[PDB]
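Single-structure report; data block below.
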Amino acid sequence: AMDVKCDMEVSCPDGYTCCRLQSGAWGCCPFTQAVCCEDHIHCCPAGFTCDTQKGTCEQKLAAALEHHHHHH
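The sequence shown: position 23 = 23 (the authors' numbering), numbered continuously.
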């Protein structure tokens with residue numbers, strides 16, 4: 001249960017993912033897939049998309065932005 005850790009206040013071992021949130025702490029996602037992104041199971045409290053092509057959930061954007069110019 002202490003195999004993996006994101007900080008000195010969380011405990012997310014194997015099968016878990018470390019995702020930062022606004023709750024002034026980290027989050028443990030017990031799954032294996034697009035962390036803090038896409039549908040299914042997001043480590044984000046919904047309403048947030050993954051940015052930085054890493055998986056940062058922060059409001060609707062485009063999910064995994066690889067381009068520069070865009071018109072929506």
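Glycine included, C-beta positions come from ideal geometry on N, C-alpha and C.
**Asked** What are the partner residues of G27, as DSSP defines its beta bridges?
**Response** On the sequence shown, position 27 is the one that residue 27 refers to. The partner list for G27 (beta bridge, DSSP) reads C19.
**Request:** Measure the alpha-carbon distance for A46 versus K60 and round it to whole angstroms.
**Result:** Numbered from 1 along the sequence shown, position 46 holds the residue referred to as residue 46. Numbered from 1 along the sequence shown, position 60 holds the residue referred to as residue 60. Roughly 9 Å separates the two Cα atoms.
**Request:** Specify the secondary structure class of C57 as computed by DSSP and reduced to three states.
**Result:** Within the sequence shown, residue 57 is the residue found at index 57, counting from 1. In this structure, DSSP gives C57 an extended state, which the three-state scheme calls strand.
**Message:** Going by the DSSP bridge assignment, what does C50 pair with across the sheet?
**Reply:** Numbered from 1 along the sequence shown, position 50 holds the residue referred to as residue 50. Per DSSP, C57.
**Message:** Rounded to the nearest angstrom, what separates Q33 and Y16 at their Cα positions?
**Reply:** Position 33 of the sequence shown, counting from 1, holds the residue named residue 33. Position 16 of the sequence shown, counting from 1, holds the residue named residue 16. If I take the Cα positions, the gap works out to 10 Å.
**Request:** Check each candidate in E58, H71 and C50 and name the one with the smallest Cα separation from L65.
**Result:** One-based indexing of the sequence shown puts residue 65 at position 65. It is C50.
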